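J.: Before I ask anything, let me first share the structure, which is written out below as structure tokens.
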Amino acid sequence: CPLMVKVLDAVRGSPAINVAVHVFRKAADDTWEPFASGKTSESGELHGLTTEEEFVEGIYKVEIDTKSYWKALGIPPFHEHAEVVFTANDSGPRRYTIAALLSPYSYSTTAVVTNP
Amino acid sequence: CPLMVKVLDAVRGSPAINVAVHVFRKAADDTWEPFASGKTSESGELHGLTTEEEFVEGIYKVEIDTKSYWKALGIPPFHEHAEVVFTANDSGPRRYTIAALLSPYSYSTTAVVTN
Amino acid sequence: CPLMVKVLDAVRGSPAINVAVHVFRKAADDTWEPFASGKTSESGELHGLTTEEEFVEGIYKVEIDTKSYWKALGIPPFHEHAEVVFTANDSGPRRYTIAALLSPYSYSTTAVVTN
Amino acid sequence: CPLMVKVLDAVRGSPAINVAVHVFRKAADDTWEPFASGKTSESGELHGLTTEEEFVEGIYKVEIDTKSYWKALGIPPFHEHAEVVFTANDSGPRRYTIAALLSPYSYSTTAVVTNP
Ligand SMILES: [Cl-]
Ligand SMILES: [Cl-]
Ligand code: NA
Ligand code: NA
């Protein structure tokens, strides 16, 4: 599991469940190519997006579909989605956790990068 | 002037208006002594808490009354208040902006310190 | 005026100065068209990106060039940039402040929307 | 495990390790009485602070010793500590996770309250 996504809801104080997440990898022509996707679980987590073999160095984008999440709760949101863009680097063994904390008009995102 | 408080509401995307703020300063006996208080304006800001003369070196606590703010909006919040504790003016006078971004079950606080 | 960007540095407790910001607007063909750009001032603010006349309804993307900011300060950052995507002016004209609070491996963004 | 504390470092993108955490419970005389304490682990977590039996309804304070953490890293910080104050409420079964994300001049705290 080299890449995991965790989403929290700051209004309810809970995991953000059933949030759609789309991952893209930047192609040689500078376009975003679909890479992996899923929906967060009851724990607000999305595991098994990729493998160590496929997750090579590159520029990746994680799109978290926040607007659909808030609309389902009946809360008017600001953003279309949250976008997290970063370079994956082979500086020794690494695991990446992309965390996001959501509010209707604000979000925060943190990366937790560890040596397993 | 040397100490300002700014509060935003992350649910509405607006300044957090009429939020009560209490400032304390740690005394020689280690107790929290009342220092200043007020309420945020329509812009979510609270100015005029103190003066350069009165705002001496010390340990200060800025208590932002978040629970009362959320309850008045009909939203159940988690925290009793947000507490911001810091040493001020230990390298000479500075201007401090204590900013807070509020959600019902989360908040962030940042300090902007200028010379 | 109707669109302002404000950026703070959570490591230094200061405005984030000289941060490049690029704004795009989604076109009818679903592509991101350049809309405006600039750099934050000594106050961490970027004013004058657009006018009420030009800032019509649409989907906008505000790209804040965080990696270049951190690299210039000698700090290794995680993100390439912070991207803020939103629909603007769909219920008539509004004034938008896009605020961002930066750390090397984390950022937050908030919108303050006024009528 | 009704109460857990998790601390992250936003400068390094890592768990905040060996951070001292002190929990207090508000007494009848309005004073803060020591309740539990510990240091965050290699995962930035602090488990086993209390038990379901002892963790009754009340007002609690979680103090995270951020200044000592940053001083050890040689980074000048703003806050003396981060303080998280809340009422524990018996609205059915509950687990509380107090999360904190630390930067030298800013921190964020979130509560994740779940029904186990
Ligand atoms: Cl003042
Ligand atoms: Cl503008
Ligand atoms: Na994975
Ligand atoms: Na516990």
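Order determines the names: the first chain of the structure tokens is A, the second B, and so forth; residues in each chain are numbered 1 upward, and ligands are numbered 1 upward as they are shown.
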Which residues form the shell of 7 Å around ligand 4 when you count only C-alpha atoms and all ligand atoms, given as a VMD selection string?

T.: chain D and resid 1 to 4 47 to 51

J.: As an NGL selection string, could you give me every residue of chain C near chain A (at most 10 Å apart, counting only C-alpha atoms)?

T.: :C and (59-61 or 67 or 77-88 or 98-113)

J.: Please identify which residues in chain A DSSP calls strand (DSSP E) from the backbone, and express them as a ChimeraX atom specification.

T.: /A:3-9,14-15,20-26,32-39,45-46,58-64,79-88,95-103,106-114

J.: Any chance you can output those residues with C-alpha atoms as a PDB file, in the first residue's frame?

T.:
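Once everything was written out, this is out.pdb:
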```pdb
ATOM      1  CA  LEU A   3      -0.629   5.450  -1.425  1.00  0.00           C
ATOM      2  CA  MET A   4      -3.602   5.858   0.963  1.00  0.00           C
ATOM      3  CA  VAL A   5      -6.210   8.638   1.172  1.00  0.00           C
ATOM      4  CA  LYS A   6      -7.997   9.597   4.427  1.00  0.00           C
ATOM      5  CA  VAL A   7     -10.850  12.124   4.573  1.00  0.00           C
ATOM      6  CA  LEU A   8     -12.452  13.677   7.670  1.00  0.00           C
ATOM      7  CA  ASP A   9     -15.576  15.816   8.071  1.00  0.00           C
ATOM      8  CA  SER A  14     -16.440  11.983  11.720  1.00  0.00           C
ATOM      9  CA  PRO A  15     -14.789  10.150   8.860  1.00  0.00           C
ATOM     10  CA  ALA A  20     -15.292   9.736  -4.459  1.00  0.00           C
ATOM     11  CA  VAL A  21     -11.538  10.037  -5.014  1.00  0.00           C
ATOM     12  CA  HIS A  22      -9.827  10.100  -8.420  1.00  0.00           C
ATOM     13  CA  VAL A  23      -6.047   9.816  -8.846  1.00  0.00           C
ATOM     14  CA  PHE A  24      -4.271  10.929 -12.022  1.00  0.00           C
ATOM     15  CA  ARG A  25      -0.684  10.742 -13.222  1.00  0.00           C
ATOM     16  CA  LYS A  26       0.835  13.445 -15.449  1.00  0.00           C
ATOM     17  CA  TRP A  32      -3.637  14.151 -16.573  1.00  0.00           C
ATOM     18  CA  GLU A  33      -4.134  10.442 -17.203  1.00  0.00           C
ATOM     19  CA  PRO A  34      -6.569   8.448 -14.939  1.00  0.00           C
ATOM     20  CA  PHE A  35      -4.497   6.267 -12.568  1.00  0.00           C
ATOM     21  CA  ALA A  36      -6.794   4.908  -9.829  1.00  0.00           C
ATOM     22  CA  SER A  37     -10.063   5.730  -8.089  1.00  0.00           C
ATOM     23  CA  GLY A  38     -12.426   4.634  -5.353  1.00  0.00           C
ATOM     24  CA  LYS A  39     -14.831   5.738  -2.604  1.00  0.00           C
ATOM     25  CA  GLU A  45     -10.064   5.743   4.154  1.00  0.00           C
ATOM     26  CA  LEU A  46      -9.299   4.533   0.704  1.00  0.00           C
ATOM     27  CA  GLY A  58       6.001  11.080 -11.378  1.00  0.00           C
ATOM     28  CA  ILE A  59       3.582  13.906 -10.732  1.00  0.00           C
ATOM     29  CA  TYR A  60       0.267  12.770  -9.325  1.00  0.00           C
ATOM     30  CA  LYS A  61      -3.032  14.481  -8.617  1.00  0.00           C
ATOM     31  CA  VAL A  62      -5.570  13.329  -6.049  1.00  0.00           C
ATOM     32  CA  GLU A  63      -9.049  14.801  -6.653  1.00  0.00           C
ATOM     33  CA  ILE A  64     -11.481  14.477  -3.741  1.00  0.00           C
ATOM     34  CA  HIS A  79     -15.253  24.135  -3.802  1.00  0.00           C
ATOM     35  CA  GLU A  80     -15.899  21.866  -6.783  1.00  0.00           C
ATOM     36  CA  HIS A  81     -13.359  19.392  -5.342  1.00  0.00           C
ATOM     37  CA  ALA A  82     -10.144  19.389  -3.376  1.00  0.00           C
ATOM     38  CA  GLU A  83      -7.035  18.799  -5.523  1.00  0.00           C
ATOM     39  CA  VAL A  84      -3.741  17.530  -4.124  1.00  0.00           C
ATOM     40  CA  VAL A  85      -0.788  17.660  -6.606  1.00  0.00           C
ATOM     41  CA  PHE A  86       2.652  16.286  -5.785  1.00  0.00           C
ATOM     42  CA  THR A  87       5.761  14.551  -7.058  1.00  0.00           C
ATOM     43  CA  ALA A  88       6.333  10.963  -5.865  1.00  0.00           C
ATOM     44  CA  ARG A  95       4.446   5.217   2.052  1.00  0.00           C
ATOM     45  CA  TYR A  96       2.254   8.257   1.309  1.00  0.00           C
ATOM     46  CA  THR A  97      -0.893   9.132   3.201  1.00  0.00           C
ATOM     47  CA  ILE A  98      -2.867  12.030   1.694  1.00  0.00           C
ATOM     48  CA  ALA A  99      -5.145  13.334   4.430  1.00  0.00           C
ATOM     49  CA  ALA A 100      -7.921  15.877   3.938  1.00  0.00           C
ATOM     50  CA  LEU A 101     -10.066  17.678   6.514  1.00  0.00           C
ATOM     51  CA  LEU A 102     -13.237  19.086   5.014  1.00  0.00           C
ATOM     52  CA  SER A 103     -15.481  22.009   5.853  1.00  0.00           C
ATOM     53  CA  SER A 106     -12.481  25.403   3.665  1.00  0.00           C
ATOM     54  CA  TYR A 107     -10.282  22.368   3.571  1.00  0.00           C
ATOM     55  CA  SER A 108      -6.892  21.374   4.714  1.00  0.00           C
ATOM     56  CA  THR A 109      -4.635  18.689   3.292  1.00  0.00           C
ATOM     57  CA  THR A 110      -1.562  17.097   4.753  1.00  0.00           C
ATOM     58  CA  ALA A 111       0.867  14.527   3.470  1.00  0.00           C
ATOM     59  CA  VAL A 112       2.306  11.986   5.901  1.00  0.00           C
ATOM     60  CA  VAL A 113       5.308  10.335   4.268  1.00  0.00           C
ATOM     61  CA  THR A 114       6.869   7.425   6.157  1.00  0.00           C
TER      62      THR A 114
END
```

J.: What lies within 12 Å of residue 2 of chain C using only C-alpha atoms, ignoring chain neighbours under 5 positions off, as a list in words?

T.: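 Once the nearby chain positions are removed, what remains is residues 46, 47, 48, 49, 50, 51, 52, 53, 54, 55, 56, 88, 89, 92, 93, 94, 95, 96, 97, 98, 112, 113, 114 and 115 of chain C.
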
J.: Write to file, as a short mmCIF file (atom, residue, chain, number, x, y, z; two decimals), in the first residue's frame, the residues of the selection just made, with C-alpha atoms.

T.:
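This went into again36.cif:
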```cif
data_model
loop_
_atom_site.label_atom_id
_atom_site.label_comp_id
_atom_site.auth_asym_id
_atom_site.auth_seq_id
_atom_site.Cartn_x
_atom_site.Cartn_y
_atom_site.Cartn_z
CA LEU C 46 -2.83 39.92 -4.38
CA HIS C 47 -5.30 42.59 -5.49
CA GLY C 48 -6.43 43.74 -8.92
CA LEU C 49 -6.63 40.33 -10.63
CA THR C 50 -9.95 41.20 -12.32
CA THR C 51 -12.93 43.58 -12.56
CA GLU C 52 -16.65 43.08 -11.85
CA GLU C 53 -17.24 43.32 -15.66
CA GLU C 54 -14.79 40.54 -16.55
CA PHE C 55 -15.44 38.23 -13.59
CA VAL C 56 -18.54 36.56 -14.99
CA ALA C 88 -18.19 31.89 -8.95
CA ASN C 89 -21.08 34.34 -9.46
CA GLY C 92 -25.11 36.97 -9.04
CA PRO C 93 -21.89 38.91 -8.36
CA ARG C 94 -20.02 38.21 -5.14
CA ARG C 95 -16.65 39.33 -3.69
CA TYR C 96 -14.31 36.41 -3.06
CA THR C 97 -11.25 36.23 -0.85
CA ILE C 98 -9.24 33.01 -1.38
CA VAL C 112 -14.59 34.33 2.43
CA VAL C 113 -17.53 35.27 0.20
CA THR C 114 -19.43 38.52 0.65
CA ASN C 115 -22.39 40.13 -1.18
#
```

J.: Skipping near chain neighbours, those fewer than 2 positions away, what residues fall within 9 Å of segment 35-37 of chain C using only C-alpha atoms, listed as a list in words?

T.: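 These residues fall inside the cut-off: residues 20, 21, 22, 23, 24, 25, 32, 33, 39, 49, 50 and 60 of chain C.
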
J.: Could you turn the residues from that selection into a file that holds N, CA, C and O atoms, as a compact mmCIF listing (two decimals), in the first residue's frame?

T.:
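Dumped everything to out-v2.txt:
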```txt
# COMPACT_ATOMS: atom_id res chain seq x y z
N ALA C 20 3.67 33.30 -6.50
CA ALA C 20 3.00 33.42 -7.80
C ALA C 20 1.63 32.75 -7.73
O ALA C 20 1.45 31.68 -7.10
N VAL C 21 0.64 33.39 -8.37
CA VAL C 21 -0.74 32.92 -8.38
C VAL C 21 -1.24 33.00 -9.83
O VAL C 21 -1.10 34.05 -10.48
N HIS C 22 -1.79 31.90 -10.35
CA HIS C 22 -2.36 31.84 -11.69
C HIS C 22 -3.82 31.47 -11.59
O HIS C 22 -4.16 30.48 -10.93
N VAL C 23 -4.69 32.26 -12.24
CA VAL C 23 -6.13 31.99 -12.21
C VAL C 23 -6.55 31.56 -13.61
O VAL C 23 -6.11 32.15 -14.61
N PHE C 24 -7.40 30.55 -13.67
CA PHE C 24 -7.93 30.03 -14.93
C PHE C 24 -9.44 29.98 -14.84
O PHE C 24 -10.00 29.89 -13.75
N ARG C 25 -10.11 29.98 -16.01
CA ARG C 25 -11.56 29.88 -16.07
C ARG C 25 -11.89 28.76 -17.04
O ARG C 25 -11.28 28.70 -18.12
N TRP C 32 -9.08 24.64 -19.39
CA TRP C 32 -8.76 25.73 -18.47
C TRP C 32 -8.10 26.85 -19.23
O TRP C 32 -6.97 26.69 -19.70
N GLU C 33 -8.78 27.97 -19.35
CA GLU C 33 -8.27 29.13 -20.07
C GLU C 33 -7.62 30.11 -19.10
O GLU C 33 -8.20 30.42 -18.05
N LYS C 39 1.48 38.19 -8.28
CA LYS C 39 2.30 37.75 -7.16
C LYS C 39 1.85 38.45 -5.90
O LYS C 39 1.47 39.62 -5.94
N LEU C 49 -6.64 41.41 -9.63
CA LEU C 49 -6.63 40.33 -10.63
C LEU C 49 -7.67 40.54 -11.71
O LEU C 49 -7.38 40.24 -12.88
N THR C 50 -8.87 41.04 -11.35
CA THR C 50 -9.95 41.20 -12.32
C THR C 50 -10.88 42.36 -11.96
O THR C 50 -10.65 43.10 -11.01
N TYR C 60 -13.79 28.54 -11.81
CA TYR C 60 -12.47 29.12 -11.76
C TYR C 60 -11.52 28.23 -10.99
O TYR C 60 -11.93 27.47 -10.11
```

J.: Please return as an NGL selection string: the residues of segment 24-104 of chain B that backbone DSSP assigns to helix (DSSP H, G or I).

T.: :B and (66-72)

J.: Any chance you can output those residues with C-alpha atoms as an mmCIF file, in the first residue's frame?

T.:
```cif
data_model
loop_
_atom_site.group_PDB
_atom_site.id
_atom_site.type_symbol
_atom_site.label_atom_id
_atom_site.label_comp_id
_atom_site.auth_asym_id
_atom_site.auth_seq_id
_atom_site.Cartn_x
_atom_site.Cartn_y
_atom_site.Cartn_z
ATOM 1 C CA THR B 66 -16.458 29.047 20.052
ATOM 2 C CA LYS B 67 -19.130 26.929 21.778
ATOM 3 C CA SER B 68 -21.407 29.970 22.364
ATOM 4 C CA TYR B 69 -20.849 31.054 18.735
ATOM 5 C CA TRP B 70 -21.946 27.685 17.282
ATOM 6 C CA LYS B 71 -24.848 27.213 19.713
ATOM 7 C CA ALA B 72 -26.271 30.626 18.667
#
```

J.: Any idea what the distance is between atom CA of residue 74 of chain A and atom CA of residue 58 of chain C?

T.: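 Atom CA of residue 58 of chain C lies at a distance of 22.1 Å from atom CA of residue 74 of chain A.
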
J.: Could you tell me which of C:28, C:5, C:43, C:38 comes closest to chain B if we count only C-alpha atoms?

T.: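 Nearest candidate to chain B out of C:28, C:5, C:43, C:38: C:43.
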
J.: Would you pick out the contacts of residue 17 of chain C at 6 Å or less, using only C-alpha atoms, so that residues sharing its chain but fewer than 5 positions from it are not included, and give the list as JSON, numbers by chain?

T.: {"C": [40, 41, 42, 44]}

J.: Go ahead and write the selection's residues with C-alpha atoms as a CSV table (one decimal), in the first residue's frame.

T.:
```
chain,number,residue,atom,x,y,z
C,40,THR,CA,1.5,38.4,-3.5
C,41,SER,CA,2.7,41.6,-2.0
C,42,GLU,CA,4.6,42.3,1.3
C,44,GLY,CA,0.8,38.4,1.4
```

J.: So how many Å separate atom CA of residue 18 of chain A and atom CA of residue 116 of chain D, to one decimal?

T.: 18.6 Å

J.: Identify which of the residues C:73, C:7, C:18, C:1 lies closest to ligand 2, counting only C-alpha atoms and all ligand atoms when measuring atom-to-atom distances.

T.: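 Among the listed residues, the smallest separation from ligand 2 belongs to C:1.
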